[PDB]
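Next up: just one chain, as structure tokens, the form solved without the ligand.
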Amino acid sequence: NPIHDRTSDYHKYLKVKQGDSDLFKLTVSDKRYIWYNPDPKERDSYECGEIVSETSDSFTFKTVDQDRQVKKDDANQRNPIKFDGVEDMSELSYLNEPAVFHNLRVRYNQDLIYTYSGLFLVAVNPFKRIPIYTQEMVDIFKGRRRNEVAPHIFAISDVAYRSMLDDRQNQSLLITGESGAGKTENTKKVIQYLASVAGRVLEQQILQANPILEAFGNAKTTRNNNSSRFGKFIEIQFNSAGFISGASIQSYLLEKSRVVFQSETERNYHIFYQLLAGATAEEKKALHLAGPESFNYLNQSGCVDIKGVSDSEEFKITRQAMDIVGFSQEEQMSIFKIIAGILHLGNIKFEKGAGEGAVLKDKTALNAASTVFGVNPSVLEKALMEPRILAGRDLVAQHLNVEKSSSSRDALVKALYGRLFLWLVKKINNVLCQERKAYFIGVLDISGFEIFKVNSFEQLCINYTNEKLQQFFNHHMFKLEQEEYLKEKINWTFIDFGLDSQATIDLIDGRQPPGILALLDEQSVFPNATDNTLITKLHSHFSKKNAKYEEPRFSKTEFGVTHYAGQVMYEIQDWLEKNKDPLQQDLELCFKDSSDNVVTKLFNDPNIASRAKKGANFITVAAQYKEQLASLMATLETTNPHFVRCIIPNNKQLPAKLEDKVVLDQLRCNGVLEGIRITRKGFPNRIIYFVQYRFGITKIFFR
């Protein structure tokens, strides 16, 4: 049994190393210690000081360098060192910030990235490979109770699986974290584990879905070299016997704007680099491809390579995944034609004509795009610069200037890419959905909280999604838990854990009074609206009124929202157009006539191509966002949730570099210490009267 065998890999990689006699000496010491701030300005930078004396209300302790005094009520005592490395921190004698951080630090120093924090798992990103996810590791966890084995993402996965069987109830695994924290990597491990322990081709296809989604939906940002630019909820489906019977991927709104623009040092989606790097000699000839430097959509950020990544090798992996999932050779070629055509479209250079209208003097890129997409270049050209619209009921050809022609070209590109992405997901789902499920375990992997030098509409929706997920944790850990105690009248005094995202949520998504998204929508159908009338409206409603909103004095085009994870300043430029998400009908007519079997589906299949109406306007992105989020939240409320809190160690994507204030900020806004306290102070288990304890109105509550 590897669990008891101290030579095993399990012991080596998942267990705290045996301390030595010098450490035993320290462990049985009568000395007592405190965590203190050498600099009272720097509340997150702690050192250890020996407590040398005490009064009834104070401690005196030595500093690393001198003696200081502190009220006992303000003291962060250090735990006896026998607790250092503890697997479940609800066991600590002293639950404070530097103690919780210290335990995570001891474990992390030994590459022990997983730690329990009472009922939920904490996962600190190692930023290096640790060999704890082999089949041999999977096999050790299979069937084991949480307290029988070391902390691991596999153990929580197994717990949910047995709960699903024993309780005949759907489960969810909700993996939280800021950008780069490890949500996607842990999501993949859960799927790996479930497919293995409950498996019977289908399993291999479930796994191979991932390189396809990542190639098209992930990109280098300044926060993560492999950032998910779309959120997903993966349902792993099980029959009544508990075997895997299928899977379904709900994908959420994709950051389409990245196709046409990337900030300095970032990349576009990985697939662009993968094609250019990995294509055959005359794949490249057939698609008129050159290197990334030659394409406007890949040559702006100054970054075309990711350290440690071979895009040509990744392309091979993407294509192998497409084969396994079952995309035909013709389908793959059309996918790649769409990618190439998008790059060509980006190379179209509109110029001023004799008048205000734009012209295309060089048609090389137009012609190359049209050839690969299988559309008529003359029709495309007219649709870009001279699209027809109604004015009342009259049909009027516009003549767009350079900036509008360029923005229409970008709108086409983003629609092609977003529709392509939806089509990939649909094709995958058709393969993976082969049986009506009896049960599911859903794994949620959102785009995580993020802050850049410039934050736009996409960042607000992303950060709002993270705020809502944190609120879901708060609801389940604190609110529902105490509501139950209180309804069962079990002698409980209600505790205000001071974690409530409600104010920020209402600010963003309020309906009456209208919140930010509501006002955005109102401005979006207002014919005279501009990005300036929009910001003016937001300030008018919220400035000096809403405690989570700030009208900055340093800018006229930004507003601040205080999120659980910190204040973010949002730039309003392009929000009206981003929300309306327009696309000239004439461009759709052009592509509806494509000779390509995949391109034609993107434009004629209503599930991919149609857009809902709300009265006399197309549904806005904000309304679409809201619908998708409401849908997810409704599904989650039908499951039993399990939470995994991913924690990023630093903001450099480096191993062995745990940063105090980076980590402590997350422990605070995540509610980790609050979550430990409710575990300790409360009554986790209750049973209708069955036939340290509490008798309720209908149930016996226990610890």
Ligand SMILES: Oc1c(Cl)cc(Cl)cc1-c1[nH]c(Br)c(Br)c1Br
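Sequential numbering from 1, following the sequence displayed.
The form deposited with the ligand bound is left out here; the points below concern that form.
Practice task
With the ligand left out here, work out from 590 to 598, 254 to 262, 334 to 342, 191 to 199 which stretch has heavy atoms within 4.5 Å of it in the deposited complex.
Solution key: This holds for exactly one stretch, 254 to 262.
Handout entry: Check all three, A281, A286 and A368, heavy atom within 4.5 Å of the ligand in the deposited complex
Key = No, the whole trio is out of contact, none within 4.5 Å by any heavy atom.
Practice task
Could you spot which one of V106, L583, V525, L207 gets a heavy atom to within 4.5 Å of the ligand in the deposited complex?
Solution key: Contact check passes for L583.
Problem - Selected contact from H563, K414, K427, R319, since only one has a non-hydrogen atom within 4.5 angstroms of the ligand in the deposited complex - result: The residue in contact is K414.
Practice task
Indicate whether the ligand has at least one heavy atom within 4.5 Å of a heavy atom of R419 in the deposited complex.
Solution key: Contact check for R419: yes, within 4.5 Å of the ligand in the deposited complex.
Exercise for the section: Give a yes or no for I608: in the deposited complex, does one of its heavy atoms lie within 4.5 Å of a heavy atom belonging to the ligand? Expected result: Result yes; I608 sits at the interface with the ligand in the deposited complex.
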